[PDB]
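Report on the structure given below.
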Amino acid sequence: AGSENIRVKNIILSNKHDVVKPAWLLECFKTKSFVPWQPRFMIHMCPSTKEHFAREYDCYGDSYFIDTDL
Amino acid sequence: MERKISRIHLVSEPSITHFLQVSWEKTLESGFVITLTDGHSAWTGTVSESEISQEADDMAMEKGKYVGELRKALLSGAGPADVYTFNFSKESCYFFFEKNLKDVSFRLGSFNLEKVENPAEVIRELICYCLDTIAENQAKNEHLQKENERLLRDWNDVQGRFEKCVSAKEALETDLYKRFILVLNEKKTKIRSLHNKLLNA
Amino acid sequence: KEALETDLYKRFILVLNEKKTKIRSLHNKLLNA
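Residue numbers (the numbering used here), protein chains in the order written: chain E, 272 to 341; chain R, 195 to 395; chain F, 73 to 105.
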């Protein structure tokens, strides 16, 4: 959901699903590959995904193992 | 203390100009002293508050309006469209000025001046006043020009410095970002090395 | 200029502090294993 409407807010209230910005599909189409998620695209995190990205990524978009660009 | 010198064309002999100097303390309302000259002989007269008030009352005019009209006529305050005609009967020593209004003339003021025995003194005083005022004006103009030149130079310098600063702003921003990414990549390498060592252990 | 510099430096030192906390935790847990 690219617009945080009432449905998006209701899904946010429940912690059983993950929201991703529509740019993820466009990026997949351009690369024609199943690229994994990034904190920039997603606006919400499930507890499992939150734990998964906590190890790989930091409290913000910055990560540890993968370098960063401008 | 103020004084104004003006040029006039007497209708009796409208070929040679005359010069009239009128001096007042604060405003023409209280009074003033007038002196007419032509380069050979001069006449002088004075107008007081009582005389001007009586003349205005005879005119059935507001004091402010009469004072303004007198200032316009005597201080060379010519308006966009207005002609004033002056004439001085020498035999009767009577000088009066009127406001010509396109074939209807309205006499504005009239006085009786006394022929001063010594015209040389008044001419010399007028010349001295003119020289003093021109010297003062020249000094003021020189000072103002110097100040303007200095201010223009300072403004040019400040504008150049501002251009340099705005140009360097982007360079500073990009240098800061580059340094940021350098140190961040160093920290990423450090964390990667620590993770690899932990995995090996 | 001053506002931009201070804001950028504050953000950067915050990020550096977080990364330093993470590396300190990694070093602390390295000793036990």
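Ideal placement from N, C-alpha and C gives every residue a C-beta, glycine not left out.
First through last residue of the alpha helix (DSSP H) which encompasses residue i
i	result
residue 280/E	277 to 284
residue 104/F	74 to 104
residue 297/E	294 to 302
residue 320/E	318 to 327
Nearest-angstrom Cα separation, counted from residue j out to residue i
i	j	result
residue 76/F	residue 366/R	11 angstroms
residue 332/R	residue 243/R	36 angstroms
residue 387/R	residue 371/R	24 angstroms
residue 285/R	residue 226/R	24 angstroms
residue 219/R	residue 357/R	54 angstroms
residue 297/R	residue 208/R	19 angstroms
residue 296/E	residue 327/E	22 angstroms
residue 283/R	residue 334/R	41 angstroms
residue 320/R	residue 327/R	11 angstroms
residue 329/E	residue 280/E	24 angstroms
residue 309/E	residue 303/E	17 angstroms
residue 332/E	residue 89/F	15 angstroms
residue 239/R	residue 350/R	56 angstroms
residue 237/R	residue 341/R	44 angstroms
residue 368/R	residue 78/F	15 angstroms
residue 390/R	residue 273/E	38 angstroms
residue 359/R	residue 337/R	33 angstroms
residue 281/R	residue 343/R	49 angstroms
residue 348/R	residue 361/R	20 angstroms
residue 178/R	residue 301/E	With chain R covering 195 to 395 only, the question about residue 178/R has no answer from this structure.
residue 324/R	residue 271/R	19 angstroms
residue 257/R	residue 318/R	35 angstroms
Start and end residues, beta strand (DSSP E) containing residue i
i	result
residue 280/R	279 to 283
residue 198/R	196 to 202
Supposed close pair residue i, residue j - CB separation, criterion 8 angstroms
i	j	result
residue 102/F	residue 392/R	5 angstroms
residue 269/R	residue 289/R	16 angstroms between Cβ atoms; not a contact.
residue 287/R	residue 266/R	At roughly 25 angstroms, the Cβ-Cβ gap does not stay under 8 angstroms, so residue 287/R and residue 266/R are not in contact.
residue 279/R	residue 292/R	5 angstroms
residue 222/R	residue 261/R	6 angstroms
residue 224/R	residue 196/R	Not quite, the Cβ-Cβ distance comes to about 12 angstroms (not below 8 angstroms), so this is no contact.
residue 363/R	residue 73/F	6 angstroms
residue 317/E	residue 306/E	Contact doesn't hold; Cβ gap of about 19 angstroms is too wide.
residue 300/R	residue 241/R	Not quite, the Cβ-Cβ distance comes to about 19 angstroms (not below 8 angstroms), so this is no contact.
So within the stretch 208 to 263 of chain R, which uninterrupted beta strand (DSSP E) runs reach at least 3 residues, ignoring any that extend past its ends? Counting only runs of 3 or more, we get 212 to 218, 226 to 231 and 236 to 241.
Pairing CB atoms from the stretch 312 to 323 of chain E with CB atoms from the stretch 280 to 294 of chain E, are three or more of them under 8 angstroms? Enough Cβ pairs lie closer than 8 angstroms, so yes.
Spell out a yes or no on whether the stretch 197 to 210 of chain R and the stretch 322 to 331 of chain E are touching, meaning 3 or more CB-CB pairs, one atom from each, closer than 8 angstroms. Too few Cβ pairs lie closer than 8 angstroms, so no.
Inter-stretch contact at 8 angstroms, needing at least 3 Cβ pairs: the stretch 231 to 249 of chain R / the stretch 204 to 216 of chain R: Yes: the two stretches touch, three or more of their Cβ pairs being nearer than 8 angstroms.
Where are the beta strand (DSSP E) runs, 3 residues long or more, that stay fully inside the stretch 289 to 329 of chain R, in chain order? Within the stretch 289 to 329 of chain R, the runs of beta strand (DSSP E) that reach at least 3 residues and sit entirely inside it are, in chain order, 299 to 306.
Check whether the stretch 266 to 277 of chain R touches the stretch 311 to 326 of chain R, counting contact only when three or more Cβ pairs, one atom from each stretch, lie closer than 8 angstroms. Below 8 angstroms, too few C-beta pairs join the stretch 266 to 277 of chain R and the stretch 311 to 326 of chain R to call them touching: fewer than three.
Count the C-beta pairs between the stretch 332 to 340 of chain E and the stretch 374 to 382 of chain R that are closer than 8 angstroms, then say yes if the count reaches three, no if not. Yes, they touch.
Alpha helix (DSSP H) segments (min. 4 residues) lying fully within the stretch 334 to 359 of chain R: None, since the stretch 334 to 359 of chain R contains no complete alpha helix (DSSP H) of that length.
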